[PDB]
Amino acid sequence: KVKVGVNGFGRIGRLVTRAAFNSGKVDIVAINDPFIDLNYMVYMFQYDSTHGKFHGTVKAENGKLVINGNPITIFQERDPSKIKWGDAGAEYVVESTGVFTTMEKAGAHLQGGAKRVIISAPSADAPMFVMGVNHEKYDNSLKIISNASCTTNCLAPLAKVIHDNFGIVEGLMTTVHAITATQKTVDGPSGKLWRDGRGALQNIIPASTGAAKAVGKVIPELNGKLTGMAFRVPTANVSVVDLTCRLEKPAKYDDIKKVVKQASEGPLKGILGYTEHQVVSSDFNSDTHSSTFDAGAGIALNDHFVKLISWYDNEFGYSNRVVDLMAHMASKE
């Protein structure tokens, strides 16, 4: 099992750490957060308002964060080039702070001793991957890669199935997204994105998302054929993608249900899900799928113009894919 280091014990960093222990696919050996001390890290990992108390043991012992008897080395560095990743035995580093997404900034970890870096966010220049869509294009020469956004990971598996079977001429997407840590409880300041500063509890907030554009950077045939926007709404977790698209070949709705059902049962098992149940957002809380096609929620205007709905736990689905990507990277070593 590959030994992993996690930079940042924020919402992504903690959920990637929890996915690592829950799945057991990788071994967390080090965590770096210059602001959260060891005692606070135990509290933040143990208790979760959204996903509940950690099913396992969490304790501070000899200056280390012990999760299920596994001692994890804690670092408090502000500069990523100063983290002694190699000393703690961290082969891979999950860059989850969101402030080092370019290969230049993400490359500071390689100076500490890390061999590979996985950016748990979209990157402007690093190669992007989505498990089940283009992870086979990963090779050992790639020292710094990105796992795209949770929305890019929800849309791309559905886009792959729909394009492979009927061909997406063009598509426009909307994601009705749950509130995130970047939003404000009451009307506050967000100098760059004014709407994002408005009260998260009281508002439907339109937001810009490069996730539908990013899908074309992972399914190169769809490059320039997809774009979209988001609406942040007052729910703590679980989001939904709404893809309105035009198809090349005609597609009856029940043929597109059969097509997604096959992919969910075969190659995209655990990545792409399929349901015909009368589901609502809370039904996908702690669901580890990247995306789950909602058959009953979608609607077709004609054989070439459809609206396809797909749910995703923006927190769990994505953190599990970061772990799956590293497990795949380790197998190619």
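Note that residue numbering follows the sequence shown and begins at 1.
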> Do the C-alpha atoms of 111 to 119 or of 235 to 243 have the higher average B factor in the entry?
Replying inline: 111 to 119
>> Quick check on the record: does 43 to 51 or 59 to 67 carry the larger mean Cα temperature factor?
In response: 59 to 67
> In this PDB entry, which of 177, 184, 195, 78 has the top CA B-factor?
Replying inline: 78
> Looking at 148, 88, 201, 154, which has the biggest Cα B factor in the entry?
Replying inline: 88
>> Quick check for you: using the entry's CA B-factors within this chain, is residue 99 in the lowest, middle or highest third?
In response: highest
> How does residue 93 rank on Cα B-factor within its chain, lowest, middle or highest third?
Replying inline: highest
>> For the chain shown, is the CA B-factor of residue 207 in the lowest, middle or highest third of its modelled residues?
In response: lowest
> Based on the entry's values, in what third of the chain does the Cα temperature factor of residue 188 lie: lowest, middle or highest?
Replying inline: lowest
> According to the PDB entry, is the CA B factor of residue 283 in the bottom, middle or top third of its chain, that is, lowest, middle or highest?
Replying inline: lowest
